[PDB]
Every structure is written in structure tokens, then in C-alpha cells.
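Asker: 3D model of this:
(chains A, B, C, D, E, F, G, H and I)
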Amino acid sequence: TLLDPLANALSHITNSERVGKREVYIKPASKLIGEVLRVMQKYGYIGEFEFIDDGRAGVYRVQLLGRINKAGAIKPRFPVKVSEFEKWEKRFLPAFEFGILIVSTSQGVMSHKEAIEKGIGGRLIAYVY
Amino acid sequence: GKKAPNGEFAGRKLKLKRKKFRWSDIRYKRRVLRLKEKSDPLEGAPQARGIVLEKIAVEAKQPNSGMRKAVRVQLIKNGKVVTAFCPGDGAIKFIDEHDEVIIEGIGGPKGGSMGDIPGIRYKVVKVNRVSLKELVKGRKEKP
Amino acid sequence: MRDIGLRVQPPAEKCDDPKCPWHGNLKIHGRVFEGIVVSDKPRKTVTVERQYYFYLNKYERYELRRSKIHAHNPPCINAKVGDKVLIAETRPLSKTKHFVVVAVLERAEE
Amino acid sequence: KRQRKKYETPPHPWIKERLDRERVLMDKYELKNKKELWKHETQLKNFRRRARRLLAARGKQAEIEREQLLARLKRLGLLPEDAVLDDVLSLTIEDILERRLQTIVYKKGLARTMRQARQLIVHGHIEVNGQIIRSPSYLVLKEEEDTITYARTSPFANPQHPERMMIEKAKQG
Amino acid sequence: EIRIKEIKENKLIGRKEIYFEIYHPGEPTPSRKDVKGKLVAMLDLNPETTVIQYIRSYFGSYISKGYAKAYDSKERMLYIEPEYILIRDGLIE
Amino acid sequence: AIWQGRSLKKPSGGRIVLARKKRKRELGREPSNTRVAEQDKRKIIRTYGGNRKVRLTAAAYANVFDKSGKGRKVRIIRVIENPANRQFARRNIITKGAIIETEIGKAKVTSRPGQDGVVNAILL
Amino acid sequence: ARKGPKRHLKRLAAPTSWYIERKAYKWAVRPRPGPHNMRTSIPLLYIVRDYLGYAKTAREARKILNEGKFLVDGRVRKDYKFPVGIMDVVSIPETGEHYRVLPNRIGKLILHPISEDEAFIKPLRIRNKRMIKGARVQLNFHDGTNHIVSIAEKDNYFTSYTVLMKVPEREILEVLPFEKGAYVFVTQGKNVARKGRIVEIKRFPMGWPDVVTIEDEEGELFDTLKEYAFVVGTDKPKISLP
RNA sequence: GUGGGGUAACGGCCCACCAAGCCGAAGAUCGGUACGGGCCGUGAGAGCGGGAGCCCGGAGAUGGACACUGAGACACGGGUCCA
RNA sequence: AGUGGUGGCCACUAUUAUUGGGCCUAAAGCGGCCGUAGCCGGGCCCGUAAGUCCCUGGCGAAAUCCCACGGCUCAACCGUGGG
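Answerer: Numbers count the residues shown, from 1 in each chain, chains lettered A, B, ... in the order given. The coordinates are given below.
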């Protein structure tokens, strides 16, 4: 059973990247997935991404630019304050500011760097680098 | 499969699993039950005082060959009798029947028997409040 | 009607009972909690229950914890099983009773 | 509570590289024991840990602590007046050992050999800012460095002390 | 050579506290009598009403720290001051 | 000893091992048991904190009050009904709330004779 | 086990508001009961010995106190265990020196030197009001002192109002009400040793004190409890304040 | 739960009457262990182990039981009984 | 001016694995299946704001921790100020 669309999507993205496929289709096109896809695109990991009206859940189509070493979902959604970033960031980014974490906060799903700039906590949802 | 549980709200099963499989360790199990403290003839004493009962030669384990001298000692602290090695060369002459000896551990693995000598656990340190190391060296003299 | 220093509405009925917060002689002081009545067998009594999530530091996970509180049910309110109620602290009513119901925020039928 | 040693023993005592490096340092600077060297290295590690922790900290307290650390390090003379938080990781033990009382007085040419400097300091012939100090392991601040001179009542205040002309000749030679 | 660094007058008690340095380079620590006789000169005090509490010799320091008092009447020390310090200063047998 | 301390069984019914010997502040005193006789007999007991309580042991009179609020000192013929216990009224023991037959009629006691040292009742 | 009240005081457990070296000796003066709490007061002996340096030893301080040269709110206090608290006036007529005891921004007690004119006036908060036989009103203040007034005058005083008492003869001079815009000093809390103007009086149900919002001289807004707000003036403070 | 006794005082603390409640696998009762915390040792950290000089709180004065005086005691250098 | 012998705790040890262990042949998958509790759960929109995140008031004794400065010759120790 599909317990989670987001982790499956990120696993698919990484496995597609490793072989080197050009286009990736994400089957359970959820809103949180779309907000997620916006993020690393804003940071240049991917190119244009589009939604497709399939009539079941829609499908998210993305093209791969060969710039994603590994992407996954921090599953137990640990709540994190503003100061506790380096603790979790040391756990999921290979080096200092290498890659980005994604946080669901009061102001939306959005990048951990900008959250530090906004100085707002939230719940980690996924990591990619 | 994947390691479980992993949910945000499964602290209880994680803690219970860890407690359950911590007992399978032997070090922690020994410490909590204080089994050594129940089994120790020294009752936790690194050093103890006893009275020599007799002198025995024991054969070293193969392939080594040798006749290791040692003394049986009746413990003043609790009365239990234990065998203690006599270090040094020819030290057994200095030791005599009904001698107040002070023994400690021998230092084998897990505090057990050391080297090729099996079963022994302790070595004689002092005799009649004079140390065996000097007596074998001869610097001091037994009373 | 007499105000208890807490922001709810009184029960319409007036009970002669001297232990009613709105119709008795006792008073209110201390903490106020929201709970669910899960036992009403003892007379003028309820065994409210309160749930919460207690954090753990070693595992960084939450644990579900339930706390029972024996509270005094006045006859005017007459809380029953499954009713979300507001419970407040009083002087020691009994060996286990140190609380009284203030109102019934949600009845069982809803 | 009990007090604790201010120096950290090496993790393994018989590594050839560390042995030889410490031996070279010992012979050059002529300390009495490796205890002094280990104390100085522990001081170095303390400063480096403070720099590490501060470099990754954001907040007013972090800024104040950073400024204070740089101020003290400059006070010791271990850093230039335009130093930053980066080069502090590049400090070595030799920077500290150069700042020792014995090393400074010997570099001030009051001793033919730094062992003789140690004797002079011990016997109270060397005063710092007009105050004596009998610990050669004492660390000398930059400000103190110009006030280091012979003890007034000691014979070495006499220019005619028989060892004094030998000292000054070896300095000249 | 005596250099005073503080002279506090305790109007409640009626005493002048005296805190001072003594320069004795290359010399032993001066005796109580000598410092008292030197101190009384440039401050014009009565020796009987003046008492020197302590003379501490800092390690490796040729300047010694000294603390003394100078009251107004002969009864104040007897009523107030510890009996032992006068015995040290000899004002009591 | 009359020890007013913790219950030796937990709320769950688990027995408890007392951790300390009984303190002096925690002991109670004996039942006063005010009896019906022809004269007043009382003891003024020194209490904790140096204060006093006037304890009535034998009762002869009572203050009966009409609902208008006038008080009348009167005698007590006997005790009618004691809701606290069936034994008290049988043996002529007066407490608060019991009903007393006096010359005026029936009165209900709103005073605690063991504590207040007096008897006050409202006419019925 | 302990069988009665403590009488001694170990120097380590002393109130944090005292400028006392804590490891110097084992013992410290347990203050006697008095106008304030230990959290809000210090023994007078520490004032004489440490803070003022008038007496080096405790015995000299005790003798000076026996001489009766120290006036607390214009009263001789020979008890060297006498606790002196906040807004108290300490006076030395022999030196003519007048100080007020005030908290610090760190949360310790200090002596603010004042003029002679300001020594006869002590501002006292009104902690409570009560009715006493004879139909009289008893105002109970912050320092434990009490004042009696008639039933008629009752409406000129209210809880948390600040009365400028004349302690040399115990005469009321003025009443500062606890209303918006009143100038206030802070006694405790993180905002201790701050002074400003009231903006809001937030009531709260369920049993919490009225949190007051105070604007600072520079406009900074902060919050404190009603119990810590001490009205010092109407639009400017009426007493010198660090 | 009702009505009382008792207390400095609420309270089954205790009594009389009425009812059958109360806790439990989210581990009760029972058993072992042990004064608790401030802290301390160790480790890069996560964490692991001890309750120690000292501070705060508790309790004991050869074991068990009880009372007077006193604001404060069931009282280590006070009182009575049993072992 | 210390240096060895013995005993205990931590590290060594990812041989306790939340970070971060394994389970085909090395110790370890229940013989299989159903299912209660527990745990984990499809997408979109409206609502509450309990958890959550930010701000803010009281509070978490002192000593002990870390830091700068100052006193004992430096240090150990102690005071001042910050965390």
C-alpha cells in the first residue's frame, strides 16, 4: 500500500538520476509534491516541471538536469527550531551548506536557508544534494 | 525489511525493544544482577588477607611444560579457601605453613586465570606484612 | 447564580447540594483541565481521563500518556460517560476527590 | 567535586613520530618534563576548541565571546592586531613556546643558554614589570615583554657580576 | 620609605584608617616600632592613640603593605579595639 | 494513640510501609461525647500552637432559637433522634444535627458540643 | 529529622540579592522576621560592615549598632539581625548620610544616596485593604506596615496605590493611583530596575495577576506583573532612581 | 454518598448508615535494589555509569512502644515501659 | 617526585545500533494464516488551531560549567560582569 507519495517520488527521482533518464513521471501528484518540486527547481537542480490532469490523481512530469546526487524524505518529520538546524543539517547534508533541506512551516513548504533568513522553525520533510 | 518501529508516536515500543534486547548482552546483565558480588570469595575486595593451608605444584597447560608452585589459603574474611600463585623465582621457600599472606587478583582475561596456568585466580603479594617482591629480590627479610 | 472566576455558563438547574461550585459552599482554586469522563458509577463522582504526548530525548519520539483524575460530579451538571468536561481544582473533597466538574463542554450524543 | 588536571596526556605514549617531534621540541626549548609541553598543547587545544565553537555560532553572546577571545590572544602577543578567526587554527605549539618566560628572557640575551635562563628565573634574578616570578612556565603578555629585566637586589643588577660579562660577550659574539 | 595610599576617617568611630606602602628595597621587613615612629611624623598623631593592625610583605616584592588606625581619645581603643593588637603594639602589658 | 495520618493502603489497595515514626502534630484527641445530666461539666484543653478549645462533657442547658432570631436559654429533657448513630440517642449523647426534646418542644442542634463547648439549636 | 524552625544560615544558601562573598566563611546572619522577605531585604549588619565598610569586624558593627547611630526610616534599630528592604531610608545623622535601598539591574540591593529633603518620605505600596472593628479601614502595605483610616476616606485608597508616607511621624502625604500613564518603577522580574509608563492593564481570568505593559523612556514596550509595579509618580517619578 | 466524632485544619483521618465501588498489560499487587536532587566520571557527540567531599530536602539517635512540658518534641548530651 | 600490581565505571564498541548493527550459507524470520489493542496510512476543498513554529510575562536556589577582567608572585583558588 502507498503509505507516502513524497518519499516514493524522491526515491524515483534519485533512481532515475543514477541511471541517467531524461524525464520522470510521478504518479500520485499531490499538492505537497508540487510545492516540493518548486523548491529545488528554484535552486536549479531541475528544470521545468508540469502537472498533467490524468483524472485519478494527476501526474507530475519533470526533466532531469543531472545535478542531484541523492534526494530522500526525512520521514519522522522531526519538529525543529531555528537554532537546531546544524544538528539536523550535519545529519543529512554532505558538507557545509551543500544541498538544501525542505521545511514545512507556518508560512508554507519552503527552503531551510530562507527559513533561517525568516528565522522560523518548522518540520523537516525532505533533503536533497 | 526496514528497521521498525519508526513512527513519530512509537516511543514506547522502541524503549521496550531496547530494554528487551539489552538483557541479551552479558556485561550489562552481569552488572545489574551483581552476580560477581554474590559469587566473589573476596566479596569485592581487590586485596585480601588469608592463612596458608598447604603448598601445591600444578602442571601448566600444554604445549608448555612446568611445575608451578602455589599455596592454598583459608580466607579470614569469610573462611572460604582459594589457591593463589606465588610469583617470582623460587619464592615458595619464603612462604610457610600458617603464614599471614595478602593476595590480590592475577590479571587473567576477565580477571580469570592468566597465561598457561589454568584454574588459578590470585597471586600472593605480602606475607606477614612483608612483600614477596623484595623477599625474592632479598632486599628485605621476612619476620 | 454566582461567578466562579472562570469563563463558562452556569447550569440552569439549582441544586441544594452544599458541594456544588455554583450551588454549594466550596470554592475554586488551582488548575483547570479539559478531560473525558470515562466512569460515572460512583455517586456524585466521575473518573475523568486526560491524554497527552510526552516527549522522549533518547529516541526523539512521542509517547501517548493517559492520566486518571477522580473529580466531583455535582447533581446540577450530571456529566456522563464520554462527555468532554472542564474540571477544576478545589480543597480535598475525599481520599481521591480533589476536583470538581465546572461544566460539560460536549455531551456524549454528539 | 575535585579539581582536575589542566593537561591532557597523549592518547598513546609510544608513537615514533610524536616521540621524535616532542623530543626535538624538548631539546630545543629545554623544558624539565613533557608535562609542561603537554600543558601548553592543552592550552592550544582549548583556544582551538573555542574558535571552532564560535565560528559556527550566531548570536550576540557568540560575538562578545569571539571579540574577547581575539582580545586575549592579541594580549598574549600570539596574533597580529589584524588577525581574524581563521588563522587561529593555524597557530602552533611553537608560537606558545616562543612566548614563555624562559624563551623570552633567553631571546632577551640575559642568558648564554636557556637552561641558565631557567636557573636565573628560578633563583629570582629576573623580574617582570618590577615584580619577580619564579615559574619559567609562566606565559608573558605582550605588554609585559618590554619590562623584563634583572631583579634589582640580585647581584646581576651589578654590571660587574663575573657571569654578567660572559653573558654579554656571548650575546655580542 | 612610607607612601600613604589611603586615609579614611570613620566619623562614627572617630578613627582615621591608614593604608600605606613601605619601600624597603634590599632591606628586611621593617619592625613595628620603626614604622610607627616614621608614620607619626608627617601625620602628627599621638602614638598611644595610634595602632598598627598589620604589615604584610608581598612575595618577591620590596614594597610592603601596612594598615593602621589613629583614634581621637584614649578610651576608644580600650572599648572597641581587640585587646591583643595593643599587646602587639605594646600599649598594654 | 489516636493517629490521624496517611492511610496505610494505596488508592489502588497496595499496602504502604511507613517511612517514619508518628509525629506529635498528627495525633487526634478522644471523642468528647457530651452527655445529658443536670449540670454543665467541661474541660478547656490546651491545643497545638498554645490555643484552647472548650470541650463540653456534660450538658444541662441549650440555647434554642426561634426563626425570628430570638434566643432562649432552656433545659434539655432528652435527645429524640441522632442521625449520626442509633447508639447516641439511646445513651443520651448530643452532637451537631441531632434532634433534642426540650420544654419548648423539638429543636435541631447546629453546634458541635465537643468543639464549641456549648449547645445551640433551632426550634422545630 | 528537624524538630523546629531553622535559626542558623549557611553562607551558600543566602538570598541571591546580597553582595556577599559566598565561599569566604561557612556562616551568614539568618535575618530575624521583619518588614520584608529575605528575597526583598538584607540584615542591617551586612549594610554596616560590608556595604559601608564602617566596621571591619562583626563586633565593631554590633557595638556601633548598640550606640544607636543608625536610623532605619528614622528609627533606631539595635537589632543587628534587622532586615532592611526595598525603598527603606537608612540615615546616619552623625555623618548626615542618607541612602535608599533599591534593586539592581542584575537583581541585587544597592544604596542610592539621596538628599536630606527626600529622606522623610517613603513610598509604600498598598498590598491589601481590610475592615477592622469600630468600622475602620486598615491598609496593609508592601513592607508589612499598616495604616488606619476612617470608613469615609476609604475611596481615596485602593489596592496597589502608592502612599507617600512620612515615617518620622507617620503621616500620609499623597496617594499615587495605579492608573494608565502613571510613572512606575519595577521591583522584581527580568525587567527589574526599570522605570516607565503604564500603557495597558491586562486582566486575566482563572487566577493570574494583572500583567502591566510598560513603555520605556525610549519607547520600548515590555511587560511585568502588577505585584512588581511600584507607582513612583504621576507623569515623572517623585524620587531619585538609578 | 449521607450524618457525625476528631484536628490548629480539608480529608474514611476515625465512627454510624447507604451503595459496590477502586486499580491493572500505557504492568497493578508482589519482590529486589536504593535516601532524592543540585551534580559527578567517561565519551567528538548521541549516550553510558555513581549519588561523593559540599549545598537543598528527607529521615535516625542500641531495636520496638508511649507520654509530659513547651510556640515549636514524642525530644541524640529530657521522661516511662518491653527486648 | 613519582612509578608499578590488583578491583570497579566509561571509551575502545556501529559487540546495544534514534543518529547507527544484523537475520540465504557466519547467532539470529515464528511453519503458515486470521485478527483485537498498539503502530503506520490515497488525493482535493472548507472549518478548529490540540500538537507544532514564532513572539512574549513569572519560574527553574546557591555552589559547581565556560568565558573576559581584577586579588593572592603566575597558576591552582577567590571576587566582578556575561552566557
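Asker: and residue B:91, backbone torsions?
Answerer: phi -70, psi -30 (degrees, to the nearest 10).
Asker: roughly how far apart are it and RNA strand H?
Answerer: 36 Å (Cβ to the nearest atom of the strand, to the nearest Å). Quick note: C-beta positions are derived from backbone N, CA and C, even for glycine.
Asker: ok, longest helix in chain B?
Answerer: The longest helix of chain B (DSSP state H) is helix B:11-22.
Asker: Could you give the bridge partners of the nearest residue to residue G:37 once chain neighbours are set aside?
Answerer: Nearest non-adjacent residue to residue G:37, counting by Cβ to Cβ, 6 or more residues apart in numbering or on different chains: residue G:85, 7.6 Å away. Beta bridges link residue G:85 to residue G:41, judged by DSSP bridges.
Asker: Please work out how many residues are found near residue G:85.
Answerer: 21 (other Cβ atoms under 10 Å in any protein chain shown).
Asker: So it sits against residue G:41, correct?
Answerer: Yes: using Cβ atoms under 8 Å, residue G:85 is in contact with residue G:41, at 3.5 Å.
Asker: Identify the residues contacting the closest residue to chain B within chain E.
Answerer: The nearest approach of chain E to chain B comes at residue E:59, 43.1 Å away (Cβ to the nearest Cβ). By Cβ atoms under 8 Å, 6 or more residues apart in numbering or on different chains, the contact set of residue E:59 is residue D:132.
Asker: how near is it to residue E:30?
Answerer: 17 Å (Cβ to Cβ, to the nearest Å).
Asker: Can you name every helix or strand that the helix or strand harbouring residue A:15 contacts?
Answerer: If you go by DSSP states H and E, residue A:15 is part of helix A:5-19. Here helix A:5-19 touches strand A:23-26, helix A:31-42, strand A:59-64, strand A:71-72, strand A:122-128, going by 3 or more Cβ pairs under 8 Å, 6 or more residues apart in numbering or on different chains; DSSP states H and E.
Asker: can you redo the ones you listed as a markdown table with mean neighbour count and distance to chain C?
Answerer: Below are the helices and strands packed on helix A:5-19 laid out as a markdown table (neighbours: other Cβ atoms under 10 Å in any protein chain shown; distance: least, Cβ to the nearest Cβ, whole Å):
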| stretch | mean neighbour count | distance to chain C |
| --- | --- | --- |
| strand A:23-26 | 17 | 29 |
| helix A:31-42 | 18 | 22 |
| strand A:59-64 | 17 | 31 |
| strand A:71-72 | 19 | 18 |
| strand A:122-128 | 22 | 12 |
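Asker: could I get those as a markdown table with distance to chain B?
Answerer: Shown next, in a markdown table, are these (distance: least, Cβ to the nearest Cβ, whole Å):
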| stretch | distance to chain B |
| --- | --- |
| strand A:23-26 | 22 |
| helix A:31-42 | 17 |
| strand A:59-64 | 25 |
| strand A:71-72 | 13 |
| strand A:122-128 | 10 |
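Asker: Dump the ones you listed to JSON lines, plus distance to residue E:83.
Answerer: JSON lines is the format used below for the helices and strands packed on helix A:5-19 (distance: least, Cβ to Cβ, whole Å):
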{"stretch": "strand A:23-26", "distance to residue E:83": "97"}
{"stretch": "helix A:31-42", "distance to residue E:83": "86"}
{"stretch": "strand A:59-64", "distance to residue E:83": "97"}
{"stretch": "strand A:71-72", "distance to residue E:83": "85"}
{"stretch": "strand A:122-128", "distance to residue E:83": "75"}
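Asker: looking at these, which is closest to chain G?
Answerer: Judging the helices and strands packed on helix A:5-19 by Cβ to the nearest Cβ, what sits closest to chain G is strand A:122-128, at 27.3 Å.
Asker: What is that closest one packed up against?
Answerer: Against strand A:122-128 (3+ Cβ pairs under 8 Å, 6+ apart) you get helix A:5-19, helix A:31-42, strand A:71-72, strand A:79-80, strand A:100-105.
Asker: Okay, and the beta partners of residue G:72?
Answerer: residue G:75, residue G:90.
Asker: cool, residue E:54 as well?
Answerer: Where residue E:54 sits in a bridge, its partners, by DSSP bridges, are residue E:67.
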